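Note that the chains are named A, B, C and D in the order they appear, and that numbering of residues resets to 1 at the start of each chain.
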Amino acid sequence: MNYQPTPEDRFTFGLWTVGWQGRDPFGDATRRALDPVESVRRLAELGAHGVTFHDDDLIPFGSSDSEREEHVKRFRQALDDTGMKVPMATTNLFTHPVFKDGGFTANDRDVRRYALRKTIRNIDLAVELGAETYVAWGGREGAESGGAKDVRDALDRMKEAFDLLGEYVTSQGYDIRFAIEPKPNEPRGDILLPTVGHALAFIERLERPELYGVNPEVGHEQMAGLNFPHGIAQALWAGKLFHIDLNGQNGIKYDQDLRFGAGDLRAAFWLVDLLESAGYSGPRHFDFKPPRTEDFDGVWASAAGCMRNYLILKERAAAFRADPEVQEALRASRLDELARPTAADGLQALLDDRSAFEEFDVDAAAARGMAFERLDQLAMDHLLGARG
Amino acid sequence: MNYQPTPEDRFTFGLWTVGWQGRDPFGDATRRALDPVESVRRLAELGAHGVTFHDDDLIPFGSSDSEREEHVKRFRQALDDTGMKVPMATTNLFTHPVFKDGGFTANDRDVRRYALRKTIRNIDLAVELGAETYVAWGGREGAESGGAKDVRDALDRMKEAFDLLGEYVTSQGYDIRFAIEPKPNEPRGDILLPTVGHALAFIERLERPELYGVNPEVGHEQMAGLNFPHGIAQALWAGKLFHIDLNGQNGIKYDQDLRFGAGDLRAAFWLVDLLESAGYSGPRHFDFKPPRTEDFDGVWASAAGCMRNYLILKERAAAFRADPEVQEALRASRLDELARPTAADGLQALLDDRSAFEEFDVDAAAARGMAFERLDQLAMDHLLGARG
Amino acid sequence: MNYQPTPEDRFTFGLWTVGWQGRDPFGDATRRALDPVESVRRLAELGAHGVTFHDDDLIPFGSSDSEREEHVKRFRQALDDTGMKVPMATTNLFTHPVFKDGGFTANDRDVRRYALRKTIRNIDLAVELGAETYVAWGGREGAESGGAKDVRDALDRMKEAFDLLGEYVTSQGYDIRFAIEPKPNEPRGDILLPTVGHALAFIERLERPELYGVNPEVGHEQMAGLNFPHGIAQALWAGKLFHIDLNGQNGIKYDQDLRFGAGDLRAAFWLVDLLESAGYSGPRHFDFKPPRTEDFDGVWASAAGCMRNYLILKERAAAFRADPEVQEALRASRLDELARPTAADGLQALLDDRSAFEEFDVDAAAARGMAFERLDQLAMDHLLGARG
Amino acid sequence: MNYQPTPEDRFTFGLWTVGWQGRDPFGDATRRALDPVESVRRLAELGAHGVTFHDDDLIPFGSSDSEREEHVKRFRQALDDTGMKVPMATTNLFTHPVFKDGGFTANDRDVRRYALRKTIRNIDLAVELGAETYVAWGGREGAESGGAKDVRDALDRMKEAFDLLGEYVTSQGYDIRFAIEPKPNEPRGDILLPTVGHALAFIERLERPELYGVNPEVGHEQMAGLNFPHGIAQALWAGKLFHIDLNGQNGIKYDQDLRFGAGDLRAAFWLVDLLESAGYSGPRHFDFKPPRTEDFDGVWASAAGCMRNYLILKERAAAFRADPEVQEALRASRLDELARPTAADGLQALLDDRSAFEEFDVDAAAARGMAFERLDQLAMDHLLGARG
């Protein structure tokens, strides 16, 4: 009756996660670098399904086409020896000083062109490795001051970039879709497309909207004090949840990247409840950082905890929905009615329906209790395994 | 060389603003109620262009069709005697206990139908009074707990409601457009369509998207720690800025509704700069609350301050853009290049362009300073009128 | 193996909590008023230990000395019939319009004098009913603008008020201590003594510091994004934790007053762990509001949930500390060393200790892992009852 | 009629400020390192009064006693050639991996002893260079998880450390005082002594409280959503404002370290108003970071802007207080009464004063307007130089 993960659970990790050396804005690294091959081997042993990477994680910046080839080959052999897959890949358009003002929206045009070329080159490699989703996190797209960036022009440049990438994949005949990852701030004072909503609205203005979805991250939405499960529900509603990044965050402050389960525990429960209920079948990707206080043993314990926590919550959420007492409580709170159309009878019928206004007893309706507190306590008991 | 407003400036106020009695969650009212006619007369004298209202502001809840008529007539006479217009109207779907779980997304179906009827009835009246925009603020659409609301079903109910209203105006042949007003939280723990982005994405899923835009509020986006000017830029970019609510907020906390100019002053400057540059021609509506510490004299001084502050900032922003030294600074920071297409030459040309990657000198590009701090200090000097 | 509370658990509730009618800044009441006697009877049945009140909760504002007497008598009989105690009392210096600019720090001197008299009168009554702690929440002490309040003068007025109350209790020979309750904002834009720290520092400037402590509230510190357990640890460290208010809050936003256990669940666990470990023996007081969506059945279910959640967490925290595997993990993370003095040998010895600097192997020390992630996952397993 | 600074203005900068290379958690450095001598020379030319440093800024970590001497000598010559002073110094107890779990509160005892030795060594050097204040920012004192740090034990270790440093300076006969710099979070999940209040309360528990004060930073308090001017007022009230760090922050998010004047402009105005009114005579120290988008020209423009903004605000604040119309407004709002004792007549007199309760006309007092909005608009006009 434990919680051991298997590749069937689709848990994935970025190379940059367990490979984070611990360098923060106020301190040097506390851990030596990991060879991508060792990370692949270590994660496979923990039960992971696959890994993800930024170009610069796999092939050091400025590498020769041959060195590049050696790096890819070694990586490939490790995937072969372990059965690990690579479901997603992304580009590093934030580390090098050249991207200090952005990649796709840098004020310098020559920088923008370079950003597009670097991305296109990695898209080819991502397809080669079997990736189905290509993520784009515009970490440097934004500003610290108001006159430094004209946002309308920036959005034109952002759209131009994404349309060109869409023109490329469709002309190469690749079966890869894009996922935009929003973040409200950090490293820039304010980042463009700050939340899942802004990203979703942006996509509807692209030439080929069908190729783009979102890759929301638990901590990012929480940095704006937003309800993550709700944001995900809207993304699923729009049919745009192509991928998802899981981790923990303790409120509005810098991006902590704690292991999944840490941070807002109740939000994690409602998240798992939703993903499992909605039948999300994409990867359960962890974009986290084992704290710099830890040594390598601590790194792997942190990675294992991510998966363990998701499995415990999945169990608790399933028991919650399957509890007949909860099913009756959901009806007591009228969740069944929320699912029924307000007016399937039509506009005219509604306007002619005296029970809807003229003869509506507003006071009687008002006095009805929603019974939400009883339902929420049942949810609490289930989460804590306190159903007596 | 002062800052006196005239109806030409299009400043408008909600009846509920200067009419706020001062009742908060911890205290009773500190001011007597204002008769809507006195508010109209007082605002006209201050230089306002018009007023806005919720049905329940103009006609007390539960009023008879005749009493209702008397109220409307008196209101009309005042508009006639002062030349004040009514450019926007909205529905109160949050005050009465019956809307405790929402209006359009209440779990109770009968409540949802009642919400739609109450709105439709006020839409007729809004057209009668000359309103061009009908705002919808779903203040009660949301939840305090996770199992109380299935967000996918709620969004279906929300879409159903808006589609029906769109079917109504188009069948009556009204020339009125809708504007959704987002808010992240308060009075509900979490409100649906929490920011401008979520609202924009939602609109693209409606049957007739052209009838809907957004009505963003300065303080609402700031309650999520977001950059208001940026949110507005995206709304303008999408061509969805139908109306706008101005006020002040001091960070992430309860909705303060301070007078415009108060709160984040630099954000207000960049907001006015953008609205004036973009040629926004809609009303400059103030949705604020004169603090409960004030008597009536203080109320009008607060209302007058709203307009005064907008006029001072408009002047400073105009002087900023017109300063040749600022124009050269904008070029030094490459704002001119941000406005130029990244690749008007096309995909193939980009892929064949060696100057874009193979021969791109990343180090030389990286060493270029953006000169953003000099530009921002010029912006500061202009705002403070310290250009020496 | 359930979680039923008994008066031995010292759980208490404010009359204003289960008695909250549901009126918020955007809506009317959804519940009828409760007679204080019914609340006492209902809470006793749930297993509560006692109740608390503001003067204005028990005796309506403006009541005659006789009516006042009738109210107190009825209240007394109910306490007698149920065995319920009244361990704390407080003053309402925030509701009436006269306190719009504060009570003890109102700019108007006559208001300040009135505030002191109203408090003194209720202190006599609190002693009469057996209260041991008198709480002071300066909800109106603060400002929305910078020039409205000179904070140095305000702090002089605040100190003057508290010193006078201290002079009163000591001259009447009462055995009652004061507890200041901080809150960062709401209803004022910014409230004086915004956090537990500011309150603690203030107390050290009073004439008789021994008579004053703090009454921290879970949600208040969380409104400033602070770690509640840490704030409590500092209050205990200083020996100033006289009382405590428990509830739930979901981050930085308006004061939600959710039932205890809701909001930040992990913070609640670490809070209970600390209170039980430290041997806190004061009341476990709930200052919450059953959401306005609920009817009376929902009110009592919410109140019962408060106590249930505290009892489940107490169990989980106890099992955590008692787990030998956790005890070894605490040693692996060097919590035992944190408890040992850094230099009991003294300054001179430290300066002459070459192993402390000259011969200190900084690299070897640096490479030691803290093992915090393993320890935190054990804490997680225990909380979720997932120890396999 | 400009705003040129002179050493008389007491503006100081940390070497680490204009010397920040631009490395953030997501990117490499964008600027080459500055030699401390060039920074001293450059700042002197801008009109600065002096500089400050962390040991590790001046003498590279791991330097030999001789190399150390060469570094100090060169630094000294530059101070001599420019007339620049060094009013404050501090220790770097956060960068090196050995301090990953803290310096004074690290769980490892040997690390704590090493932290104390490193500090003591730099205290000697700070005195040698003429520093009057020694700052302590416990950037690594805290935790990411609840069981990793027992806060009561940590506070004992923190007190032990500070007492030992106090025993050292008093035994060496140094004329140097300490200033604790609070910060709520970053780089640790939660930092001990998170705000000015927690630091002030802590100091009162030290053996020799007179040797310790606070060194508040604009951005730090704003990271907890607190009112900076209010925090400063309380620190001045307690006589503990030994030093102050100025910069800009845009709300609750990562520590931006923008130049002074940027961020919350109105808060900066009220801050300068208070410091100048209170007669603060200590240094006006800038702890900021010129954004990584800038080259060296941009660095110096950013540094110059810090001082320019403080001088403009000082002018506007002075004109505000000197305006007879503002003086009358302050009386209209009863600021004069806030400054008068509530009860200089004493407790007994208050209790016998019928005008204070029995015969107090609460309704008449309640109806008095505070006139705060008019006063705040005058403050606004003055700030914007819009007094017509």
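FYI, a contact is a pair of C-beta atoms (placed from the backbone, for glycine too) under 8 Å apart; a residue touches a chain by one contact, two chains touch by 3 or more.
**Q** Could you quickly compare B-D and C-D and let me know which has more C-beta contacts?
**A** If we tally the C-beta pairs in contact for B-D and C-D, the bigger total goes to C-D.
**Q** Which option, C-D, A-D or A-C, should count as the same interface as A-B once over half of the contact pairs match?
**A** Having compared contact pairs by residue number, the answer is C-D.
**Q** Rounded to the nearest whole Å, what is the centre-to-centre distance of chain B and chain D, using the mean of the C-alpha atoms as each centre?
**A** Between these chains, centre-to-centre, one finds 37 Å.
**Q** Counting only Cα atoms for the centres, state how far chain C is from chain D in Å.
**A** 30
**Q** Quick check on chain A: which residues sit in contact with 2+ other chains?
**A** 30, 96-97, 100-101, 144-145, 148, 184-185, 190, 223, 225, 252-253, 262, 266, 291, 293, 366-368, 370, 372-373, 376
**Q** Considering only the defined contacts, which chain C positions touch chain D in the complex?
**A** 96-98, 100-101, 104-105, 107-114, 116-118, 120-121, 143-157, 160-161, 164, 167-168, 171, 184-185, 190, 192-202, 204-205, 223-227, 229-231, 233-234, 236-238, 252, 266, 269-270, 273, 278, 330, 333-335, 337-343, 347, 350-351, 353, 355-357, 360, 362-363, 365-368, 370, 372-373, 375-376, 379
**Q** Going by the contact rule at the top, pick out the chain D residues touching chain A in the complex.
**A** 22-30, 94-97, 99-101, 139-140, 144-145, 148, 184-187, 189-190, 223, 250, 252-256, 258, 262, 291-293
**Q** Considering only the defined contacts, which chain B positions touch chain D in the complex?
**A** The contact residues of chain B facing chain D are 1-3, 30, 225, 251-253, 259, 261-266, 290-291, 293-298, 301-302, 304-305, 308-309, 312, 316, 366-374, 376-377, 380, 383-386, 388.
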